[PDB]
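Trainee: This is the structure I have questions about; it appears just below.
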Amino acid sequence: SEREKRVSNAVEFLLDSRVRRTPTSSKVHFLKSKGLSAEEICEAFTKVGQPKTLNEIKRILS
Ligand SMILES: Cn1nc(C(=O)NCc2cccc3ccccc23)c2c1CCN(Cc1c[nH]c3ccccc13)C2
């Protein structure tokens, strides 16, 4: 699905050695710029074992 392809791309981003130690907020804004919704961003963080609440994601994007 188009959604699953966005989430797959996001997971690979979040796993990268240069990305992983950087702050959550910068990762979230980057992923929104690539077309992800807040809910897709939330799914991607959980898929890399770094779960974030939707509340936190939405507050960053607000
Ligand atoms: C594994 N990886 N994938 C990407 C990347 O941007 N992938 C494409 C992509 C990523 C996420 C969602 C996408 C949705 C649709 C199409 C493409 C998408 C990057 C990386 C490694 C780091 N890239 C440079 C980068 C960009 N922002 C950074 C912040 C801290 C450190 C590095 C970066 C960017």
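Identifiers in this document derive from the order of the structure tokens: chains are assigned A, B, ..., residues are numbered from 1 separately in each chain, and ligands are numbered from 1 in order of occurrence.
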Please check which protein, DNA or RNA residues sit within 9 Å of ligand 1, counting only C-alpha atoms and all ligand atoms, and write them as a list in words.
Mentor: residues 5, 6, 7, 8, 9, 10, 11, 12, 13, 14, 15, 16, 17, 18, 19, 20, 21, 22, 23, 26, 27, 30, 31, 32, 33, 34, 35 and 36 of chain A
Trainee: Based on the backbone DSSP call, show me all residues of chain A assigned helix (DSSP H, G or I), as a ChimeraX atom specification.
Mentor: /A:2-15,24-33,38-47,54-61
Trainee: From the options A:1, A:24, A:50, A:55, which residue's atoms come nearest to residue 38 in chain A, counting only C-alpha atoms?
Mentor: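 Between A:1, A:24, A:50, A:55, the residue approaching residue 38 in chain A most closely is A:55.
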Trainee: Considering only C-alpha atoms, return as an mmCIF file with C-alpha atoms, in the first residue's frame whatever protein or nucleic-acid residues lie within 10 Å of residue 54 in chain A, sequence-local ones (same chain, fewer than 5 positions apart) excluded.
Mentor:
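Output saved as out_8.cif:
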data_model
loop_
_atom_site.group_PDB
_atom_site.id
_atom_site.type_symbol
_atom_site.label_atom_id
_atom_site.label_comp_id
_atom_site.auth_asym_id
_atom_site.auth_seq_id
_atom_site.Cartn_x
_atom_site.Cartn_y
_atom_site.Cartn_z
ATOM 1 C CA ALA A 38 1.166 11.726 12.616
ATOM 2 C CA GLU A 39 -0.365 8.223 12.887
ATOM 3 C CA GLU A 40 2.089 6.799 10.335
ATOM 4 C CA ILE A 41 4.986 8.458 12.212
ATOM 5 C CA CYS A 42 3.676 6.860 15.446
ATOM 6 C CA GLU A 43 3.597 3.443 13.774
ATOM 7 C CA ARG A 59 2.447 18.278 20.035
ATOM 8 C CA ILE A 60 5.722 18.430 18.095
#
